[PDB]
Amino acid sequence: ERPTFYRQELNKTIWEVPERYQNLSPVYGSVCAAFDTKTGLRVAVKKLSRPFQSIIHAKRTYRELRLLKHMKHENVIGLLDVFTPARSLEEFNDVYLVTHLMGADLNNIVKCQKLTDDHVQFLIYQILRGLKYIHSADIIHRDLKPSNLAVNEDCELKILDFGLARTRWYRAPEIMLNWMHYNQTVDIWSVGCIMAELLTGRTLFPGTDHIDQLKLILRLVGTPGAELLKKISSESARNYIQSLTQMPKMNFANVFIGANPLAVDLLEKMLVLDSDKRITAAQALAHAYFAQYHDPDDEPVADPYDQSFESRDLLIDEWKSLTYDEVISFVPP
Ligand SMILES: CCNC(=O)c1cn2ncnc(Nc3cc(C(=O)NOC)ccc3C)c2c1C
C-alpha cells in the first residue's frame, strides 16, 4: 500500500517525501517543519544525511531508529512515522523520520529572561521524568542542553536527541576530562546547569574552551577532594587535578541569590563532582522542590530494551538491511 512521493530540490539537498507532508520549511541530518494533511498537524521531518555511506553512520542510523521505535513517554520525543522513497532494500539509501513539531526549545525560553519558580519547577520536573524513563531502558543522553529540549506554548516538554552521542556548557566534568568511570548522572549534571540558567537567566558555566570550562566548574564546585582523587585511575587526569590551585566549594545559597531554598538544595545535589554521589533522576523526582508535581504512580519506566547490536561489528549493508526491516515493520502510534 505505497504512497505518492514528490520531490523538493530545496535546501541544497533533495527532499523526496509523501503527499500528506506539505509546505516543507527548513529549520547528522537536516530537519524541516511541515504541515501534515492527514491530521492538520504541524510536524518535524528529518532527512538523515548519507545514512549508509560509512560504517559509523550506518550503525548510528540503525541505533536512532530502534530507540525512537521503543521510546514511548510524554516527555520523550516520539516517532510519528519513518519512510523512504526507495521501493526495495536495493534502492534504500535515504531515511526520513517524522516527529511532532513543538513551538520552541529551551535555548529561546531563557533567551535573556528569568523564569518563575513554578515555571522552572515544571520544566525541570518533566526533564527528570523523561530522564528516569530513558535511564531505565539503560540509555543515557550524553549531550543534554537547552536546544534538544522542546517545549510547547503550555510549557509541556519533550527530550530530543538522546542516546545518539555514544556546546560544552552542560557536560559533566568527568565526561570532559575522561576520568572516573561515568554513569547515568552525567545527564543530572546537565540538568543542573539548565535549572540554574533557568532560575538565573545566565549560563552557569559559559566556558570559552575545554580548559577554561573546567576552570569555571571548579570555581563553583571546588577542586576534587582526597576522596575523589583517590578513585581516579587516569594518570593524565591525576596530573591535571594535582596541578591546579586549591579551591573551596562555594555555598550555593550565596550564589543563587533569592532562588527558592529547596531549589538550591536540589542544585547542590546535582552539581557535585563525585558522580558516585550525584543524585539520580528517580531520586531528584522525589525531592521536595517538586512536591506539587511529584506522583510516584505517574512516573513510568521503560519496558526492557534489547541493545545487543551495540556489540556488533557488521558491514554497512548488514546495518542497512536491519534498518530496512525496522522501516517496513513500523506501525504508527
Ligand atoms: C521546539 C521547536 N522544535 C521542534 O519541534 C523540533 C526541532 N527539531 N530539530 C531536530 N529534530 C527534531 N525532532 C526529531 C528528533 C529525533 C530524535 O530525537 N532522535 O534522537 C533520539 C528524530 C527525528 C526528529 C524529526 C526536532 C523537533 C521536534
Side-chain angles (χ1 to χ4, degrees), residues 8 11 13 15-18 20-21 23-36 39 41-51 56-84 94-111 113 119 122-123 126-127 130-131 133-167 187 190 194 198 302 305 307 309-310 323 326-327 330 332-333:
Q8 243 209 208
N11 184 317
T13 195
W15 285 61
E16 181 137 3
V17 306
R20 42 189 301 188
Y21 308 116
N23 336 159
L24 302 216
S25 158
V27 280
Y28 79 67
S30 250
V31 170
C32 283
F35 176 95
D36 185 341
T39 349
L41 279 98
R42 200 116 198 100
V43 315
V45 189
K46 202 231 291 258
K47 203 213 182 176
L48 291 187
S49 359
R50 335 197 156 259
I56 292 199
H57 272 196
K59 204 175 171 204
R60 189 172 243 113
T61 301
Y62 183 69
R63 169 192 303 119
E64 187 185 7
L65 176 56
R66 293 292 311 253
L67 279 168
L68 291 173
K69 278 179 107 207
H70 183 106
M71 313 288 145
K72 0 228 147 85
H73 186 281
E74 318 150 14
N75 307 111
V76 179
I77 193 85
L79 189 57
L80 296 194
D81 191 23
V82 47
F83 62 77
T84 179
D94 285 311
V95 182
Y96 294 81
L97 304 170
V98 191
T99 255
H100 272 127
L101 183 70
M102 319 283 284
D105 58 63
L106 255 10
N107 223 193
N108 264 95
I109 305 348
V110 69
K111 205 250 337 300
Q113 300 142 45
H119 198 176
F122 190 51
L123 287 169
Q126 298 170 86
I127 295 161
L131 242 10
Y133 181 83
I134 296 150
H135 285 178
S136 73
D138 232 89
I139 285 53
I140 201 167
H141 197 304
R142 224 153 353 215
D143 185 34
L144 183 94
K145 36 169 127 121
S147 48
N148 51 48
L149 285 167
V151 95
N152 74 10
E153 42 261 65
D154 333 60
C155 307
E156 298 162 317
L157 175 166
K158 273 162 205 321
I159 291 162
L160 299 212
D161 302 343
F162 46 92
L164 298 184
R166 323 212 11 176
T167 58
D187 289 336
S190 299
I194 287 148
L198 260 166
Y305 171 63
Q307 277 200 77
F309 81 87
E310 286 297 11
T323 296
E326 285 292 341
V327 175
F330 179 80

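The chain is numbered in sequence order, starting from 1. These values consider heavy atoms only, across backbone and side chains, with no hydrogens, waters or symmetry-generated copies. Start at 1 and go down the list; that is how both ligands and their atoms are numbered.
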J.: Under 3.5 Å, side chain of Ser136 to main-chain N/O of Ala302, donor-acceptor pair present?
T.: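 Here the side-chain-to-backbone pair exists.
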J.: What does the contact table look like for ligand 1 (nitrogen or oxygen on each side, cut-off under 3.5 Å)?
T.:
unit_1: ligand 1; atom_1: 5 (O); unit_2: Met102; atom_2: N; d: 2.7
unit_1: ligand 1; atom_1: 18 (O); unit_2: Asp161; atom_2: N; d: 2.9
unit_1: ligand 1; atom_1: 18 (O); unit_2: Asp161; atom_2: OD1; d: 3.4
unit_1: ligand 1; atom_1: 19 (N); unit_2: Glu64; atom_2: OE2; d: 2.9

J.: For the residue pair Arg166 and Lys59, establish whether any side-chain heavy-atom pair is separated by less than 4.5 Å.
T.: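 With C-beta onward as the side chain, the pair stays apart.
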J.: Ignoring hydrogens and geometry, is there a side-chain-to-backbone donor-acceptor pair from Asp36 to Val43 under 3.5 Å?
T.: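 Judged by distance alone, no pair lies under 3.5 Å.
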J.: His73 versus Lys158: any side-chain heavy-atom pair under 4.5 Å?
T.: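 When only atoms from C-beta onward are counted, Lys158 and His73 do not touch, as no gap falls below 4.5 Å.
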J.: With ring centroids as reference points, do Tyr133 and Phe162 lie under 6.0 angstrom apart?
T.: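 Between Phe162 and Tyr133, which both carry aromatic rings, the centre distance is not below 6.0 Å.
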J.: May I ask you to decide if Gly29's main-chain N or O and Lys47's side chain share a donor-acceptor pair within less than 3.5 Å?
T.: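 Such a contact is absent between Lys47 side chain and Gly29 backbone.
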